[PDB]
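Enquirer: experimental structure and sequence below.
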Amino acid sequence: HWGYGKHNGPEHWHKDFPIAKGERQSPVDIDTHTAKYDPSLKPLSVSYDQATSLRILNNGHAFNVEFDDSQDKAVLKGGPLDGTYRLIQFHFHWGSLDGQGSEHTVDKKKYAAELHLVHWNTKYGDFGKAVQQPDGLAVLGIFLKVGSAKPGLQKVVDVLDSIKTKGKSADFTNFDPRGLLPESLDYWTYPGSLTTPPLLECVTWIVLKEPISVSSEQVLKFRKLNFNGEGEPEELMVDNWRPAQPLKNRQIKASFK
Ligand SMILES: OC[C@H]1O[C@@H](O)[C@H](O)[C@@H](O)[C@@H]1O
Ligand SMILES: OC[C@H]1O[C@H](O)[C@H](O)[C@@H](O)[C@@H]1O
Ligand SMILES: NS(=O)(=O)c1ccccc1
Ligand SMILES: NS(=O)(=O)c1ccccc1
Ligand SMILES: [Zn+2]
C-alpha cells in the first residue's frame with residue numbers, strides 16, 4: 001500500500017493512481033516573482049469561532065484532527081472561492097530535519113512542515129460527493145518554520161504520545177484551530193489536487209505567505225510518531241511529504257499587490 005518509503009513512496013504512486021501524472025497535481029513550487037496579483041479575488045474569510053473538534057487519529061500517514069462538519073460552523077469563504085467550504089479535518093506534513101518537510105515550496109525553499117486545513121464545498125452535500133467535483137475542496141496551507149513556540153499548537157503536541165501508532169485515536173474536543181493561524185492572511189492560490197493518494201484533482205489551494213513559528217521541541221514531538229501499528233517494528237513518521245509536481249497549464253495568483 002502507498003506510503004513514503006523508498007518502495008511505496010511518491011515515485012511509485014502513479015502505478016495505482018495514474019492521476020499522479022495528471023494536469024493539475026499538487027504540491028507545486030510557488031515562484032513568487034511569476035505569481036501575479038489578482039484584483040478579482042474577494043476578501044478571504046476564515047470563520048472558525050464555532051469550530052467543534054472531535055478526535056485526533058494516527059492514520060499511518062499523518063495525524064488528523066477531525067471536526068464536526070454536520071453544520072456550518074468552521075467555514076472558509078471568499079478569496080477565490082465560490083460559496084461556502086466547511087472544515088472537516090486538519091493535518092501536517094513534516095520532515096526528519098528542520099530543512100525539509102513542507103509540500104509546497106516558495107522559490108524552491110522548503111519549510112520544516114506544512115499544515116493543511118481541509119474544507120469541502122457545501123453545495124455538494126458531503127465530502128465524498130465533493131471529491132467528484134473540480135471545485136469540491138479548498139485546502140488552506142500554512143508553512144511552519146522553527147523558532148519560537150506556537151502556543152496554540154501545544155495541545156496537539158501533548159496528545160501525540162497517546163496516538164503513537166497507526167490506528168490509534170483520542171478524544172480531542174474543544175480545540176480552537178484559530179490558534180494555528182499567522183497574523184496575515186496574504187496568500188497564493190491555484191487549482192490542484194490532494195497530495196496523497198487518491199490524488200484527486202478537486203482542490204482550490206490557498207497557501208498563506210506568512211509562516212507560523214513553532215519550537216524545535218514541538219516539531220521533534222511530531223517526529224516521535226510512528227507510521228507502523230502497535231507491536232510492529234518502529235518506523236518513525238517523518239518525511240511524509242510529496243515533492244513539488246509540474247505546474248503545467250496553471251498560474252499562481254497572489255492576494256496582495
Ligand atoms: O490575456 C491576458 C491575461 O492573460 C492571463 O494569462 C492572465 O492570467 C491575466 O491576468 C491576463 O489579463
Ligand atoms: O482541546 C484539545 C484537548 O486539549 C487537551 O488535551 C485537553 O486536556 C483536552 O481536554 C482537549 O480535548
Ligand atoms: N501506488 S502504490 O500503492 O504506492 C504502489 C507501489 C508499488 C507498486 C505499485 C503501486
Ligand atoms: N494533503 S491534502 O491534499 O490536504 C489531503 C486532504 C484530504 C485528503 C487527502 C489529502
Ligand atoms: Zn496534506
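Expert: Structure's in. What do you need? Residues are numbered from 1 along each chain as shown. Ligands and ions are numbered 1, 2, ... in the order given.

Enquirer: residues in contact with the nearest residue to residue 127 once chain neighbours are set aside?
Expert: Of all residues not flanking residue 127 in the chain, residue 120 sits nearest, at 4.6 Å (C-beta to C-beta, 6 or more residues apart in numbering). Backbone N, C-alpha and C define where each C-beta goes, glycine included. With contacts defined as C-beta atoms under 8 Å, 6 or more residues apart in numbering, residue 120 is in contact with 69, 85-86, 88, 126-127, 130-131, 136-138.

Enquirer: residue numbers of the stretch 1-150 of the chain in contact with ligand 3?
Expert: Selection of the stretch 1-150 of the chain residues close to ligand 3 by C-beta under 6 Å from any ligand atom yields 1-2, 8, 12-13, 15-17.

Enquirer: closest one of those to residue 171?
Expert: Nearest to residue 171 among those, counting by C-beta to C-beta, is residue 1 at 27.6 Å.

Enquirer: what count of nearby residues applies to the closest one?
Expert: Residue 1 sits with 6 neighbouring residues when counted by other C-beta atoms under 10 Å.

Enquirer: residue contacts, the residue of the chain most remote from its centre?
Expert: Distance from the centre of the chain peaks at residue 231, with 28.7 Å (C-alpha atoms, centre = their mean). Under the criterion of C-beta under 8 Å, 6+ apart, residue 231 has no neighbours.

Enquirer: doesn't it fall inside a helix?
Expert: No - membership of residue 231 in a helix is not supported by DSSP: H, G, I helix; E, B strand; the rest coil, which gives coil.

Enquirer: phi, psi for it please.
Expert: Dihedral pair for residue 231: phi 80, psi -10, per degrees, to the nearest 10.

Enquirer: same deal with residue 123?
Expert: According to degrees, to the nearest 10, residue 123 has phi -60, psi -20.

Enquirer: once you drop chain neighbours, what's closest to it?
Expert: residue 83 (5.6 Å).

Enquirer: give me every residue in this protein lying close to ligand 2.
Expert: 155, 159, 171-175.

Enquirer: now do the SS call for residue 166.
Expert: coil.

Enquirer: report the contact partners of the closest residue to ligand 3 within the stretch 51-200 of the chain.
Expert: Nearest residue of the stretch 51-200 of the chain to ligand 3, counting by C-beta to the nearest ligand atom: residue 197, 6.3 Å away. The contact partners of residue 197, taken as C-beta under 8 Å, 6+ apart, are 2, 13, 16-17.

Enquirer: just checking, it is part of a strand?
Expert: No - per three-state DSSP, residue 197 lies outside any strand segment and is coil.

Enquirer: what is the nearest of the contacts of residue 197 to residue 246?
Expert: Nearest to residue 246 out of these is residue 13 (C-beta to C-beta; 14.7 Å).

Enquirer: what bridges to residue 236?
Expert: Judged by DSSP bridges, the bridge partners of residue 236 are residue 226.

Enquirer: about what we covered before: so can I have JSON lines of the contacts of residue 120 showing distance to residue 244?
Expert: Converted to JSON lines, these look like this (distance: C-beta to C-beta, whole Å):
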{"residue": "69", "distance to residue 244": "29"}
{"residue": "85", "distance to residue 244": "24"}
{"residue": "86", "distance to residue 244": "28"}
{"residue": "88", "distance to residue 244": "25"}
{"residue": "126", "distance to residue 244": "31"}
{"residue": "127", "distance to residue 244": "26"}
{"residue": "130", "distance to residue 244": "25"}
{"residue": "131", "distance to residue 244": "22"}
{"residue": "136", "distance to residue 244": "23"}
{"residue": "137", "distance to residue 244": "19"}
{"residue": "138", "distance to residue 244": "20"}
